[PDB]
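To start, the structure itself, in structure tokens.
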4 protein chains.
Amino acid sequence: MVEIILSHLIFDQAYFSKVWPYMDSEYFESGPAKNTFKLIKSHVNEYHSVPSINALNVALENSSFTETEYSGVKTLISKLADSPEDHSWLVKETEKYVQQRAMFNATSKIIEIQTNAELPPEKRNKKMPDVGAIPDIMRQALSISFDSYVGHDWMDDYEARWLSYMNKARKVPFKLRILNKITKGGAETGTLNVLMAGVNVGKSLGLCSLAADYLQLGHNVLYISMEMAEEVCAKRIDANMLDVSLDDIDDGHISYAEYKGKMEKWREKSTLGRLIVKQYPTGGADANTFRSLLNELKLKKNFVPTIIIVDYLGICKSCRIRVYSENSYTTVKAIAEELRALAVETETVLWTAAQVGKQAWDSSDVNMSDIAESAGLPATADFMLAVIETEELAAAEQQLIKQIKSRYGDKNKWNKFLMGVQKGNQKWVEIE
Amino acid sequence: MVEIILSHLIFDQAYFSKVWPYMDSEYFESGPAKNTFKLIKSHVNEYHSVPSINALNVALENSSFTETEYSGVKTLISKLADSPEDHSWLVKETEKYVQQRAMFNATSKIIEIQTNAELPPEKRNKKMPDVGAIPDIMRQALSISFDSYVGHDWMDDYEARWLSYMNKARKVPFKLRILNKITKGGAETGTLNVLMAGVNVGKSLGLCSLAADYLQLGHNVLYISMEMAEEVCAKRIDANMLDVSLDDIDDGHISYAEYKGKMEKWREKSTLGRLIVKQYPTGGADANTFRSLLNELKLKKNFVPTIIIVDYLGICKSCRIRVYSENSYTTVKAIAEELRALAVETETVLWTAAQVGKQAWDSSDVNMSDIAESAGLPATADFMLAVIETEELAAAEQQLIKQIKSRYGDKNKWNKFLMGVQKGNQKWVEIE
Amino acid sequence: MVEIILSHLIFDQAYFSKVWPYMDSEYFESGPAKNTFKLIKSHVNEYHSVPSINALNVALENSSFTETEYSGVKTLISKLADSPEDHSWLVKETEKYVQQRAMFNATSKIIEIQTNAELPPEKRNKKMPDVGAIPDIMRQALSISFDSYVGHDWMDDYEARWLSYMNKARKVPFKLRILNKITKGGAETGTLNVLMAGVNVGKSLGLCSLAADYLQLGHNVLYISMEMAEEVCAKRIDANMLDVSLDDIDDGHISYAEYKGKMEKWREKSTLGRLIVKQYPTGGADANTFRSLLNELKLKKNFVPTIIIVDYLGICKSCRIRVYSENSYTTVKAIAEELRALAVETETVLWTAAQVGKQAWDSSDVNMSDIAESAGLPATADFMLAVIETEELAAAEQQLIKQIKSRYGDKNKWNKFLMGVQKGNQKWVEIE
Amino acid sequence: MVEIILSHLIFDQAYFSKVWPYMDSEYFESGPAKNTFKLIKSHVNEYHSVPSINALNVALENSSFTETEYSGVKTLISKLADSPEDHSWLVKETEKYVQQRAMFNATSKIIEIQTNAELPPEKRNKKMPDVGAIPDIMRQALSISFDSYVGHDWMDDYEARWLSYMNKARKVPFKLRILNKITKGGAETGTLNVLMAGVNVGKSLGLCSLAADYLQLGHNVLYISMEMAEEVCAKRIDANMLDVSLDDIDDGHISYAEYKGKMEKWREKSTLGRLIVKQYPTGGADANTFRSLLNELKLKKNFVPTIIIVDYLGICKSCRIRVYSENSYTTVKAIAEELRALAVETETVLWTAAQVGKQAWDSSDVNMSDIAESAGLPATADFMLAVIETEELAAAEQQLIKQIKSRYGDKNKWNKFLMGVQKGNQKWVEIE
DNA sequence: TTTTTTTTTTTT
Ligand SMILES: Nc1ncnc2c1ncn2[C@@H]1O[C@H](COP(=O)(O)OP(=O)(O)OP(O)(O)=S)[C@@H](O)[C@H]1O
Ligand SMILES: Nc1ncnc2c1ncn2[C@@H]1O[C@H](COP(=O)(O)OP(=O)(O)OP(O)(O)=S)[C@@H](O)[C@H]1O
Ligand SMILES: Nc1ncnc2c1ncn2[C@@H]1O[C@H](COP(=O)(O)OP(=O)(O)OP(O)(O)=S)[C@@H](O)[C@H]1O
Ligand SMILES: [Mg+2]
Ligand SMILES: [Mg+2]
Ligand SMILES: [Mg+2]
């Protein structure tokens, strides 16, 4: 019903006020319709008013159109008329038409993406999204509607604000009381949590400490390690939970009898979850691979995680961008968005560990202008912490957390606090 | 376009009074259009009024034209309608048509001058202007504009300027008597105004107080927050407007009945504006994202603001610098310039806040030299109010407001004044 | 490649044990391929074993098909052979085929959903899902990778993990007691180890000392020089092994007999290994050249090196990135990743040097931030030691070695230790 | 015999091991042969194994070339079949075929370069090499003989190594005793030695003194000046050799009789080489230019230098990086590496000058970190000497030479000694 | 959009 839409854009005002901000040139066929809409949009952009028939016939004459295009536009303009109908069926019909056009465009785009992917390298188009980006596009098209929320309107959105006042989101508590204090009860389900740190300063130590703490609380924890072997991460967890140093395990100070006894003592406890460590090669795993892993864990082991942990965000595959196509910032932002989408879909608290820039290394204080790969990670993330064990905290067997971005509470309340990192047992103890 | 021009010369008054002095016979054609315009001009010269269709036909009957000219003029006269187009588009389009025709005539004239110049000197026309007159002729073609407004012309716009001083066309009052006293009637449109907060003063309390005061005066306020969510800023706004303490909302002392009653009481009042709160991540909002936000609000929400309040200048990002620093002087200077450019181009009062220098923190008196942003903020800021909160003032629930830069009026007239800050309701009350 | 898939399903148990878990009739075709796979699936369901050609033909006789389908199935069944192709290529190709067929089916399904949505509610089928099911449908078709391994469990696999604790075959001792002490048993196979210092401090001296120490332990050492000639580095190795001097070799203080005697005495030792020195022009080699060099070395001589020393990573040339395609942070990190991949493929200890920026060329200490090339090298590295020499140290002939990145052990247990570097002999001497 | 080569690449493991490392895509054809080899090479790079006929067919079906190419590749693959053969006839025939194809490609590229250089500029299709590197390409066409040198074995090849210590043909002695003492016999051929002084401290006086000293010791010296005329450098050499001050030549205190007598007295001495001075405009000479100069010197003037001197490397042009494309670091490092490559190619002692940073000027000490244009120059230079002059040293007619990078010996020993530079005679004298 | 060299400048 393109002709009706154009006719009521020209000859009606309430319809124009209701539907114009959502109309786009891509919703019209490449014939007379798109060119007529181009003329209307140019006139509105230049004069901030709805053009008349004379205005468009003047705009058509002052246009660089071929004979076929000129004839089609003139015929379409001649065919326009103000058919009296109701301003409740027109709006819904226009919304349906726009949604259908958006779905059609998305389908064509994903077909083109799949055709582009199968092409051999050095011939395939670049900057075109890969196959893994197909669902996201299909998520955007279904979101088209003639209702748009731009900002929070005082006196117009106050019931929702009162609900936000009275209601509080559910929280997965930590085992460290300081994190609960700074997060008002823990972390929410569909979140992307990042623990940035320098190189060789405790990115995996903190993640393994969190994994052990969550495992002792009865959660199903999935540790996806992209840099370390499964046995290494499981040895970190064992050191955390069996109270044996990594030096003792490697040197063989502990015997198999004591190890088995401690493992069985932990097994007999009812307040214990299941921790599963999966190793992927560097750059060999993405969000879709994680979803396949979750599906096989559910089907073959009856395992549904809650505390999915990714060792390093910067190593994982983009899943939306082809490898070595965009810059580090865009690729890491895409990875963060994909991981947060996975966390929201699976209702799992997702924890990761990015790397800070070379400047932040051995720096007593860090800020958001220290992230190495991408500064867009805080925007995508829901809670971001830092590690500041630079020069003298190591001698005192301590650490420091900056709280760069905390969406659960206020970052400027307990911004910097001291953590008792114990590297032999790979754990965090509190200074209290 | 000529048909529209002639029709709206015949059947309009404002268009005629606006475009008649810039209308010439040579601008139309060498056929029916020129003859019709000659008839119109002859009628308006003999009778100083716009001719009617019957009078035009009578003049055409009593005129010296051949058969083809008679047919063309009759058809064109029969093809003129009193249709109603918008005035701005009509004036702009007829101006463009006149300019194009004048340029074509001048180019043809200079080509004819050049052709006559390359002719035997014994054999040439004397009336044709010499070649040296070519640059001037084109100038007369370029000096064709229905309305000349290039800047403010002294001695030529003194009557309009006086209407600005009497009507205070630029001032926006403050709702606080002291702030109106030192600004000679409030802040001005197209200005950047900042608050300098010493140690122990919040930057968002004063901004929320100003936003509430503007809201109570009927102004559309756009509050862009960086370090806080939309709900938190709107909660500060509610605290100030509903007289409820900030902690009372979190505790639950105020019930839904009182909240809704107060909100509907405010909604009943016709002297209330609209407040739109938009949240952006730290460092993820330059003064080009604000332009997009304004465009979206105007197109979708029809919300065109008169007050724009940015939560914190330091948290913002300089679009030109691109690189971002937590506390760098070059970025603050660029951010201030970009925000003031936005205020000027949008004709809105723009408010922001900054932290004073550490020396300014310790000293109750704050010097422009004692500012974290030196030569960057006291150079791009029309007004820079300084807020001092010492122990004695806090014990008395007061803050010392000092005026550090006042483009509006004399800085030393009323430099120091005590403000009744309420930290619970986030409000500024005057002191007798 | 349906014929290959079916042939290796029937005639290969290893292929059947990794692909049958993930296989459906929708993946193959709508003609003879689907019918053949349906026969195979029916036979394996009725009898839990892979069918044979005779059994498949008997089942085809028992099953009922139309004439065309019967002929197609007979023709396809006739075309099955063992054809022992590579397992890795076969599984990768069948994974690709399954993924592409699943994507095609998902696209057709969403197109059918969209077509059914446009139908009137009376005409539309209730079995097809709504448009809201379009995204997840496209997502479940992107999570069909072939991977049955779920990973460690920490409670169901602690016996295997303890057995893995006893697998110390990855460790390679250092011949220096301090290095073994700080590495908890020496370096590990398939790791990128770096020895960084300033210009003219002894990086190649340390590399040659490590080469000699590994040679005296019976290892095969491959020294790849990027600046010096083969005979020059071999002179340093001779100075380390024969233990006379560098100048005495060039000053004639060693007669040919003594040289012959010492070389033959070292030949008589059964604890000595093999050392090959290879030189490359600056910026002309990487793992691609190194892999061909490894293959040529293995073919020409019974030499599979356990230790691979690269004179400098920076002088090396990246495989994919051109000579000056991108900046240092990229291509240097790319070369580091390629070298680590080569080491983990060959299961060899990889040693290389790194340069330090000018800021730490005359400093008593050097940090990880003082890496002249990309900071991604101290991300792919595993044991990045650092060599610091001052005037006081050079007076005592004692270079200081600082533990910069220690992945094997605790980086701060023995952070700084003094060595006994003898520059004339190109040897590192432990200090007791 | 491309079919045989491909067939035995497929059906012969022994053949593939030797021929593959050398096979390249530019040795077969522009049609079916190249496409088949590209398929095989892609399969080998993806799976590290020789593809089978089924694998080749599968890759052919998943390929994007047209119908003609597809049919040609299919026919070629169908024609591939193993035949009873012998390893030797095949390896020798393959070597002959590869050499012939390399020669054919080389001569085609030579013709293309000749027909491209004979074109008007700005239309010469840049990125094509100039005529200067016409023979070098041919030299690459002859260095393909299936006989890659694996490397040098420490124990297997030590008689050849020992017959390189008393040879001493690599070292070229100085004339000053201190420089010989610190370098333990003088500089070595195929090296890059550098003087760092600053601006107007020396650094060309030292180069001229070295040139004169080498010339007196029966050497052919090639001075290359990028910033001075051929007569200024020759005047400096005349002042050095004839023991006549530059002021005396300027002021005419030396007669033609004395000049002629001294020149003839030098000529009649047998212990004297030939010095040739060549001038190039600043930034208008590179390694290829120097090689062309060497060739034309050998042919036209039968002059074979051994002590090639370049006045300043920083003033030369890189032969690989486009001008002003990369920063100073990369460009200067590349220039120094190319100069060292030239020196090792022609087996000459290469001497050069380098500037220091602005901070090192008028300083009593110059460190290695004070190098001006690149930190890579010290890393890619065999020997560097820093020339330091203060007011006290200038008043004493002495300069302090500090050993900054001493690759021929220990720099800690004799790090700073005082030369007796005489600026009038452009000569260095010792103080011993 | 980050990254790294070198320089030059300026601000604190
Ligand atoms: N086997 C070990 N025994 C004792 N301490 C260890 C051992 N391995 C590592 N550590 C310590 O643990 C610290 C943190 O190491 P990681 O957990 O790997 O941090 P990291 O950020 O993951 O390092 P990356 O991934 O290489 S950037 C190191 O700095 C060491 O001090
Ligand atoms: N014609 C001359 N007569 C006498 N002394 C001279 C003459 N030319 C140069 N000198 C001296 O030689 C010193 C060093 O000369 P150079 O070798 O040209 O210095 P330089 O470092 O090569 O110059 P740049 O900046 O590198 S091009 C100067 O400082 C003068 O004292
Ligand atoms: N022929 C020699 N005789 C004695 N000492 C030497 C000799 N060559 C080098 N040295 C010493 O070796 C030290 C550093 O050796 P190098 O291996 O050259 O250091 P490096 O520059 O980091 O390694 P490169 O650049 O890859 S050769 C110097 O400071 C000298 O003291
Ligand atoms: Mg880690
Ligand atoms: Mg070096
Ligand atoms: Mg000079």
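In what follows, chains carry the letters A, B, and so on, assigned in the order in which the sequence lines appear, proteins first and then strands, with residues in each chain numbered from 1. All heavy atoms count here, side chains included; hydrogens, waters and symmetry mates do not.
D:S328 comes within 4.0 angstrom of sugar-phosphate atoms only, judged by non-hydrogen atoms across all strands, and of no base.
Distance D:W361 CH2 to E:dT8 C1': 13 Å, rounded to the nearest Å. Taking atom CD on A:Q359 and atom P on E:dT2, their separation rounds to 12 Å, with Å as the unit. Atom CD1 of D:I321 and atom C1' of E:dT5 are 13 Å apart (whole Å). Between the NZ atom of B:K333 and the P atom of E:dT11 there is a distance of 10 Å, given to the nearest Å. As rounded to whole Å, 7 Å separates atom P of E:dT5 from atom CD of C:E373. Distance, D:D370 CG to E:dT7 P: 9 Å, rounded to whole Å. We find that CG of D:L377 is positioned 11 Å from P of E:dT6, with the value rounded to whole Å. Distance CD1 (A:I371) to P (E:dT3): 10 Å, rounded to an integer number of Å.
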CA sep, side-chain torsions, deciding dist, call: A:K203, A:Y312, side chain to side chain contact (heavy atoms under 4.5 Å, CB included): CA-CA 8 Å; A:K203 270 146 55 63; A:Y312 196 164; 3.9 Å; yes
B:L293 and B:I224: CA distance, side-chain angles, deciding distance, side chain to side chain contact (heavy atoms under 4.5 Å, CB included) verdict: CA-CA 10 Å; B:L293 170 62; B:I224 299 175; 3.8 Å; yes
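Using a 4.5 Å heavy-atom threshold, the side chains of B:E373 and B:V194 count as separate.
A positive value of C1'-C2'-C3'-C4' puts the sugar of E:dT4 in the north, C3'-endo-like family.
When distances are taken from the side chain of D:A375 to each of E:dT2, E:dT1, E:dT6, the shortest belongs to E:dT6. Comparing E:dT3, E:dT6, E:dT5 by their nearest atom to the side chain of C:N327 picks out E:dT3.
Of the two residues near DNA chain E, C:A372 and A:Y329, the one whose nearest nucleotide lies more 5' is A:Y329. Position along DNA chain E of the nearest nucleotide to D:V356 versus B:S369 favours D:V356 as the more 5'-ward residue.
In this structure, C:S364 OG and C:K402 NZ are separated by 9.5 Å, a value rounded to the nearest 0.5 Å.
Taking 4.0 angstrom as the limit, D:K358 places a side-chain polar atom (N or O) nearer than this to OP1 or OP2 of E:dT8. Here B:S374 reaches the OP1 or OP2 of E:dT12: one of its side-chain N or O atoms lies under 4.0 Å away.
When the options C:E337, C:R340, C:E338 are evaluated for a side chain to side chain donor-acceptor pair (under 3.5 Å) with C:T380, the one that passes is C:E337.
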